[PDB]
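please work out how this folds:
(2 chains)
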There are 2 protein chains.
Amino acid sequence: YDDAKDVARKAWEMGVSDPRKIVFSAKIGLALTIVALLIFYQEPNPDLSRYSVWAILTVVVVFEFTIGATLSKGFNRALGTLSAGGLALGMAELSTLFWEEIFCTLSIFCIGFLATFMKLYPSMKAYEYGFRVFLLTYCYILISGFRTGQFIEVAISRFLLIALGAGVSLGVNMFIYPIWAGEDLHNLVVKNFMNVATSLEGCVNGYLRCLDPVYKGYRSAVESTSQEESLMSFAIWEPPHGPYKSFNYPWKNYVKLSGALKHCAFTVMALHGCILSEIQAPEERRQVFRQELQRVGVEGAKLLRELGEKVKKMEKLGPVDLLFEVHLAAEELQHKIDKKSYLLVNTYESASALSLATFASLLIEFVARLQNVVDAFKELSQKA
Amino acid sequence: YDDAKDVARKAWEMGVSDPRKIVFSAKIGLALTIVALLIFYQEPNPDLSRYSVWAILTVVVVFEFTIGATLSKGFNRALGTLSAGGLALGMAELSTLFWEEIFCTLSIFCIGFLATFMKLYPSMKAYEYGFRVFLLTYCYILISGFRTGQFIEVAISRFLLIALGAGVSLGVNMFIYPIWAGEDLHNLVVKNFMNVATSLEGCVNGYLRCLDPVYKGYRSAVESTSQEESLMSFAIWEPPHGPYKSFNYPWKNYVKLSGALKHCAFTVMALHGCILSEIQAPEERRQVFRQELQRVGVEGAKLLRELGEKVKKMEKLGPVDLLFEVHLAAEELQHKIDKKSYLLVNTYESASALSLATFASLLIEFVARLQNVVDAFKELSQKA
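Numbers count the residues shown, from 1 in each chain, chains lettered A, B, ... in the order given. Pasting the structure now:
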């Protein structure tokens, strides 16, 4: 039961830690329940049962996490469904000249070939649902139509209930604690500053401790880059809600600021790399810049956190100066090494000794990379 | 038409470049066509039409790229479908004590809540299809059963045709040019050596050209790490085909070798980083190690390519020595700088000058990181 105990503890911890999944699950349960309630109070027709099943399936499938995702993916699915329905109805109808079966059969092959071996396109590698639902639609609405004498006046029956299922699903999703995708993004870039600032401090404080907790930080910032633009397409389908004032909110710098920070985060990627290399500076030599490396590490962490705190407020008050102290700290490092830089060189007894400068040099290049980020924030904060 | 012309040119180029998508699309078209052929030669029952639509949908949905993916995801979908069917049938039946409707209605809420807010689990963030199809199954097989007096003897009707659709889909997928997922992996790790070896050579040859093509290489190796283990779960469901001799082929080192190379690829990540930093060594000083940096860059590229070529053959002949020359080349670099290492140091006029050692030091650390990779290959090549 200890494995089950651990699984239950993990579930409880993730539920208490993220009390948004429970809200979403309650919302989807409520949607399914209200649709079932509507179904279970009128059963005069087998077509009513069929349309009921269709409504349940739609409510299941068109319901996902964020508002923008729901709206945009629902619109894409509706476009694909309508297109496939039109195409299949056209081919069914105008496939009846005075051998029409093969002229309907082969059309499946031609349409089937195309979609399956076009969905595999590199650019359209994310809209897998849009093409698949198109292939499912055209196939079903054709076979159902082809088998039946006239599905024209019964196809509208199935479509109308799909709208009711979607109408219920969207209304509860949007009007009951709307988990947007816009403000979720804004909660992500503010997260990136904090979990890299500690990653910076972890690296420096880890380079001097002698005689992964830091891996999660910078890897998250690097590997999340494939995720904001996913939230980007989601966030553009949101109305002017919340503090956000007007239409077309500039969610183009929120990926610029994340991009600029990710550009800076490549050094702290390599900064952790030094403490992992198979060639490292000796202990006797590392603890001679303790006062030097620590101070710039602290100030860099202070600024990066402080800037990340600023985006949380989106400070319409105008900051006075940010990058003064960090510049002085790194400068002192560069002006201090030259006194002891003769402790670098005159195989391996010298490569290890030189492997100290490759850490200090990365740190100074980090500070240099820190200039563009405040430049990106400066423009974003004046047009947001 | 120029935009359409460019789209058509891109499609033609990707089709000719990758003549496997066309095979897959032809296979899916053939599967759909043969199922339609089977349907269109017997229509004595409306249930035949319904089951026909079910068969078409199954053939569409259970059909994907590789053999391992098809088999494993089909098994997972079958498990979920069977579980949901059993659960919903049990609740429908034993939900009839002598107000049974709410006792059926609420069960949807309880099961619905669970799955939707459990599918969101971090660990189970990839099996979205398995949970969703379970929720779709239990919902439909319940509502269809609940509406009908006795769906017990008609539910088996729908299930049997699903098997026929899958049976057709798998047979053509497996027996007509089987695009495995195992050998696809083996074609990926061999790809990683080539596109990093050029990335190495691009970086060094780019550090000296003065008075992205290299970005694609190392980023692919770094960002593919989330993809081999996806192929890993796919590749374990393959029978002993091809040259692969026996059951349970050791596809655990093919991620070790990819892992070991990716560990080495972090330096060439930072190696390209130096040529992008805002602080760089002056031109007058870079072109004094031209003979030094180039030779080790060439030998490192030679070995990394040569090792990657070895995995293509999976050389059962026993190599004599690999890492000799690269070690001598880097050693010469370290033994040559000390003559001119006094050209590093005695703010920015000195940080830029020191920014040369941070390039040579990374390169030597790269060579040091190159030892473990041949160690991983050594064990893999003796048990494969």
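
and the closest residue to residue A:326 other than its chain neighbours, how far is that from residue A:373?
Spatial nearest neighbour of residue A:326, excluding adjacent residues (C-beta to C-beta, 6 or more residues apart in numbering or on different chains): residue A:299 at 4.6 Å. Where C-beta positions appear, they are placed from N, C-alpha and C, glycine not excepted. Residue A:299 is 15 Å from residue A:373, where distance means C-beta to C-beta, to the nearest Å.

residue A:245 now?
Using C-beta to C-beta, one obtains 25 Å as the distance from residue A:245 to residue A:373.

same deal with residue A:157?
To residue A:373, residue A:157 is 57 Å away according to C-beta to C-beta.

counting neighbours, go ahead and name the busier of those two.
Neighbours per residue, other C-beta atoms under 10 Å in any protein chain shown: of residue A:157 and residue A:373, the larger number sits with residue A:373, 24 against 15.

so the most centrally placed residue in chain A is in which element?
The centroid of chain A falls nearest to residue A:227 when counting by C-alpha atoms, centre = their mean (2.9 Å). Applying DSSP states H and E as the criterion places residue A:227 in helix A:225-235.

just checking, what packs against whichever strand or helix holds residue A:331?
If you go by DSSP H and E, residue A:331 is part of helix A:324-340. In this structure, helix A:324-340 makes packing contacts with helix A:290-313, helix A:357-382, helix B:351-354, judged by 3 or more C-beta pairs under 8 Å, 6 or more residues apart in numbering or on different chains; DSSP states H and E.

re earlier: distance of the residue nearest to the centre of chain A relative to residue A:323?
When distance is defined by C-beta to C-beta, residue A:227 is 28 Å away from residue A:323.

ok, back up a step: may I see the helices and strands packed on helix A:324-340 organised as CSV, with distance to residue B:293 added?
Written out in CSV, the entries for the helices and strands packed on helix A:324-340 read as follows (distance: least, C-beta to C-beta, whole Å):
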stretch, distance to residue B:293
helix A:290-313, 28
helix A:357-382, 15
helix B:351-354, 17
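
OK, contacts around the closest residue to residue A:121 other than its chain neighbours?
In space, and not counting its chain neighbours, residue A:121 is closest to residue B:14: 7.0 Å by C-beta to C-beta, 6+ apart. The contact partners of residue B:14, taken as C-beta atoms under 8 Å, 6 or more residues apart in numbering or on different chains, are A:121, A:122, B:21.

how about the helices and strands packed on helix A:324-340, which one is nearest residue B:140?
The minimum distance between residue B:140 and the helices and strands packed on helix A:324-340 falls on helix A:290-313, with 45.2 Å, by C-beta to C-beta.

quick one: the closest one to chain centroid distance?
The chain centroid and the centroid of helix A:290-313 are separated by 26 Å under C-alpha atoms, centre = their mean, to the nearest Å.

need the contact partners of that helix.
Taking contacts as C-beta under 8 Å, 6+ apart, the residues outside helix A:290-313 that touch it are A:186, A:189-190, A:192-194, A:196-198, A:200-201, A:203-205, A:207-208, A:257, A:319, A:322-323, A:325-326, A:329-330, A:332-333, A:336-337, A:360, A:363, A:366-367, A:370, A:373-374, A:377, A:381.

domains in chain A, by residue range?
Per automatic domain parsing, the structural domains of chain A span A:2-175, A:182-313+A:321-382.

any chance of CSV for those, columns distance to residue B:270?
Supplementary listing: the domains of chain A in CSV, determined by distance: least, C-beta to C-beta, whole Å:
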stretch, distance to residue B:270
domain A:2-175, 28
domain A:182-313+A:321-382, 4
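
closest to residue B:143 out of those?
Nearest to residue B:143, of all the domains of chain A, is domain A:2-175, at 5.6 Å by C-beta to C-beta.

show me what from the stretch 101-250 of chain A comes close to chain B.
Contact residues, the stretch 101-250 of chain A versus chain B (C-beta under 8 Å from any C-beta of the partner chain): A:101, A:105-106, A:108-110, A:112-114, A:116-118, A:120-122, A:132, A:135-136, A:139-140, A:143-144, A:147-148, A:223, A:226.

now with 6 Å, please.
Counting by C-beta under 6 Å from any C-beta of the partner chain, the residues of the stretch 101-250 of chain A lying close to chain B are A:101, A:105, A:108-109, A:112-113, A:116-117, A:120, A:135-136, A:139-140, A:143, A:147.

of those residues, grab the buried ones for ChimeraX.
Selecting the buried subset of those in ChimeraX, with 16 or more other C-beta atoms under 10 Å in any protein chain shown as the burial test, is done by:
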select /A:105,108,109,112,113,116,117,120,135,136,139,140,143,147
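
still on that earlier bit, in helices only, show me the contacts of residue B:14.
Counted as lying in helices by DSSP state H, out of the contacts of residue B:14, are residue B:21.
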